[PDB]
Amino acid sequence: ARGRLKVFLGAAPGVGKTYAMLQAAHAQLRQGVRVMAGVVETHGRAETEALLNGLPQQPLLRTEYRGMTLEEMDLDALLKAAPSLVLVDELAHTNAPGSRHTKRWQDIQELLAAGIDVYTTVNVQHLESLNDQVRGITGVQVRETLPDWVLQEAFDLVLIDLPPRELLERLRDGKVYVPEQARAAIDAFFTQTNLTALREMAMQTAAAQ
């Protein structure tokens, strides 16, 4: 049986992609599926941290790079253990230096070729075809990109939707964490106008699948 990819697609950070993925994963766990978390970003949400702690977890690999402790999915251990389903946040991620592959999507393709199912999350901004539209709207450069075909050839795609106004409240209320984005950049990104634009992109993306 070929590995099947399910992508939880969202307009932006904070729309609930990871939580949706972890709830989907619990349904599978309950039905007896050997589920393993490969890489999951809970981003300080206690409810998401509580879902993750009910799932088997594969320790990450830590490296040091320019003072920073970088974490990657332990691909080699996952291939060896051969779980039935691996959970992998952030489909557009560019891997830590010294990784076998440049991109986390390649890590995923490798699991999938080994017959391992994969659940993943991605924000719409990372799609290659949309890089310039996103930069034109937000004024922020998207540096981690994803070839559109990686998402197009996904077995399953689910849109995780949230109103922009509500996402702005979440950001205000300390519920949205965006690690590799400085304050000036977050302020430039998370506006009503920009989030409305990105929500339409996510929907147009989901409809074209």
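One rule holds for the numbers: they count along the sequence shown, beginning at 1.
- The mean Cα B-factor in the deposited entry runs higher for 188 to 196 than for the other of 188 to 196 and 13 to 21.
- The question of which stretch, 29 to 37 or 56 to 64, has the higher mean Cα B factor is settled in favour of 56 to 64.
- Going by the entry's values, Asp132 shows the largest Cα B-factor out of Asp132, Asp117, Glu110, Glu90.
- Among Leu168, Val158, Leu162, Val176, the highest C-alpha B-factor recorded in the PDB entry belongs to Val176.
- The PDB entry assigns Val122 a C-alpha temperature factor belonging to the lowest third of its chain's modelled residues.
- Placement of the Cα temperature factor of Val7 within the chain: lowest third of the modelled residues, per the deposited record.
- Ranked against the other modelled residues of its chain, the C-alpha B-factor of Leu85 as given in the entry falls in the lowest third.
- Split the chain's modelled residues into thirds by C-alpha temperature factor. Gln106 is in the lowest one.
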